[PDB]
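J.: Handing you a structure now.
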């Protein structure tokens, strides 16, 4: 499934709602072009891996989460679980999301 975080409020409730399932957050500029160009991959696993929780944060609408997350280099993918950061990596490597997702799966 997918869940757009509009504010820090939905951020915490989203991690607790996930439970123990994986939680990969994608920090990108939906308004940007070359950045939103990597959505047919990350946001695409929603139909391939229905057992994964994907969060889409807009560094422009939820600038509150971008500031607290200290995201200064988009796109940036972070791996959270039970509400704990257990991995993260910045780079336009769509193929890495696979090897990484299969890591804490």
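One is the number of the first residue shown, and numbering goes on along the chain from there.
Quick check of the header: solution NMR.
Placement of Cβ uses the backbone N, Cα and C atoms for every residue, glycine included.
According to Swiss-Prot, the active site, nucleophile annotation covers 32, 35, on the basis of experimental evidence. Among the features that Swiss-Prot reports, disulfide bond is placed at 32-35. Residues annotated as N6-acetyllysine in Swiss-Prot: 3, 39, 94. Per Swiss-Prot, the feature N6-succinyllysine maps to 8, 94; the stated evidence is similarity to another entry. The feature site 'Deprotonates C-terminal active site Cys' is assigned by Swiss-Prot to 26, with a curator's inference given as support. The site 'Contributes to redox potential value' feature in Swiss-Prot is assigned to 33, 34; the stated evidence is a curator's inference.
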J.: May I ask for the distance between residue 33 (site 'Contributes to redox potential value') and residue 39 (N6-acetyllysine), taken between their Cα atoms and rounded to an integer number of Å?
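T.: The separation of the Cα atoms works out to 10 Å.
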J.: What are the sequence-distant neighbours of residue 32 (active site, nucleophile), meaning same chain, six or more residues apart, C-beta distance under 8 angstroms?
T.: 74
J.: How long is the line from the C-alpha of residue 35 (active site, nucleophile) to the C-alpha of residue 94 (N6-succinyllysine), rounded to the nearest angstrom?
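T.: About 12 Å separate the Cα atoms of these two residues.
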J.: Of all the modified residues given, 3, 8, 39, which residue's CB has the most CB neighbours within 10 A?
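T.: Checking each of 3, 8, 39, the winner is 3.
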J.: Going by DSSP, is residue 39 (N6-acetyllysine) sitting in a helix, a strand, or coil?
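T.: For residue 39 (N6-acetyllysine) - judged by DSSP and reduced to three states - the answer is coil.
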J.: Return the count of C-beta atoms lying within 10 angstroms of the C-beta of residue 94 (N6-succinyllysine), excluding that atom itself.
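T.: A count of 16.
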J.: CA-CA, which of the recorded positions 34, 39, 94 lies nearest residue 8 (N6-succinyllysine)?
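T.: Nearest candidate: 39.
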J.: According to DSSP, does residue 3 (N6-acetyllysine) sit in a helix, a strand, or coil?
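T.: The three-state answer is strand.
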J.: 10 Å Cβ neighbour count around residue 35 (active site, nucleophile)?
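T.: For residue 35 (active site, nucleophile), the count of other Cβ atoms within 10 Å is 17.
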J.: Check residue 8 (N6-succinyllysine) against DSSP and tell me helix, strand or coil, would you?
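T.: Reduced to three states, the DSSP call for residue 8 (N6-succinyllysine) is helix.
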J.: Measuring CB to CB from residue 26 (site 'Deprotonates C-terminal active site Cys'), give everything in the same chain under 8 Å that is also at least six residues away in sequence.
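T.: In sequence order, 42, 43, 54, 55, 56, 57, 75, 76, 77 meet the Cβ cut-off.
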J.: Determine the minimum-neighbour residue: among 33, 34, listed as recorded sites, which Cβ has the fewest other Cβ atoms within 10 angstroms?
T.: 33
